[PDB]
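Read the single chain below, which is given as structure tokens and is the form deposited in one PDB entry.
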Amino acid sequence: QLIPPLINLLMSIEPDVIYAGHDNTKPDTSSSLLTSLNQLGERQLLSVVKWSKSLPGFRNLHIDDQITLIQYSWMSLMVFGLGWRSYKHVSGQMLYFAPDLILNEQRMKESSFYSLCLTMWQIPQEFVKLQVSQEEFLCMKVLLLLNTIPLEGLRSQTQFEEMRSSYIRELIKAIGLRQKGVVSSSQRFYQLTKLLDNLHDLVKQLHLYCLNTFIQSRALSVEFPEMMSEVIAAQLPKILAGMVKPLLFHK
């Protein structure tokens, strides 16, 4: 009754928790972990498609465009909510991939991925640091779904731009529910938008990591599943060559 109505719909359409189905039983090797991660990733991109089909405005873009923006955000979405969920249930002090897959410091001993898990870990730190609320989270995550377009833009640019705007303004709502300044509320906005502007670069490291484990998978002994494989082949190279338009909040 103080929660703006979209922010309650955001609540409700949020997915239920996805397990990794991870054997836990026997001792992690670095291929098995990598493989669970993926299976877990598969189950999360199904959940993103479902999620997108109820989010107000997503389905009145052109099919294509809806396919392009998911293909283009799924890493950045995955990473974000590992943030979120790490921050919410383990104090940002452990990486909460899933209920059945939680990584403490021990566990990323075997590197490959030690270094990368450091970098994933930045996000739940910044959330702890910023004391990010649920409402602001719901709104910035839609923002990352709308964060990057083709260099030639979208088929439904205009609706796009409308939808982006109407969720930038939903975030100024949420920011509003607690930062009652006009000074503070501003700086907060600034801060919640640099935070997003910042996960580009962090993402381009997952990205480059995910393609080279892709490509060396057979060497590596790492199974990628089908849905995950297709978005990687489809967009990752192109993304990684910087043949996409990052939307910036700041200059």
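Only residues modelled in both forms are compared. Note that residue numbering begins at 1 and tracks the sequence as displayed. Take the two forms, find the largest set of C-alpha atoms that superpose within 1.5 Å, and that set is the rigid core.
The next section is about a form of this same protein that is not shown, the form deposited with a partner chain bound.
Among heavy atoms of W74, some come within 4.5 Å of the partner chain in the entry with it bound. Using a 4.5 angstroms threshold between heavy atoms, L202 stays clear of the partner chain in the entry with it bound. Although the partner is absent from this view, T35 stays clear of the partner chain in the entry with it bound, with no non-hydrogen atom inside 4.5 angstroms. None of the heavy atoms of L55 is located within 4.5 Å of the partner chain in the entry with it bound. Heavy atoms within 4.5 Å of the partner chain in the entry with it bound are found in exactly one of 25-33, 42-50, 178-186, 191-199, that being 42-50. The comparison between this form and the one not shown, aligned on the rigid core, picks out a single residue among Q134, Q122, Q93, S112 whose CA moves by 2 Å or more, and that residue is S112.
Taking the rigid core as fixed, one finds a CA shift for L236 of 2 Å or more between this form and the one not shown. In summary, the C-alpha positions of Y209 and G242 diverge in the entry with it bound, ending up at least 3 angstroms farther from each other than in this conformation.
Closer approach of the C-alpha atoms of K204 and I239, by 3 angstroms or more, is seen in the entry with it bound than in the present form. Shifted regions between this form and the one not shown (core-superposed; runs of 3+ residues, all CA displacements of 2 Å or more, residues common to both forms): 109-112, 214-218, 228-242.
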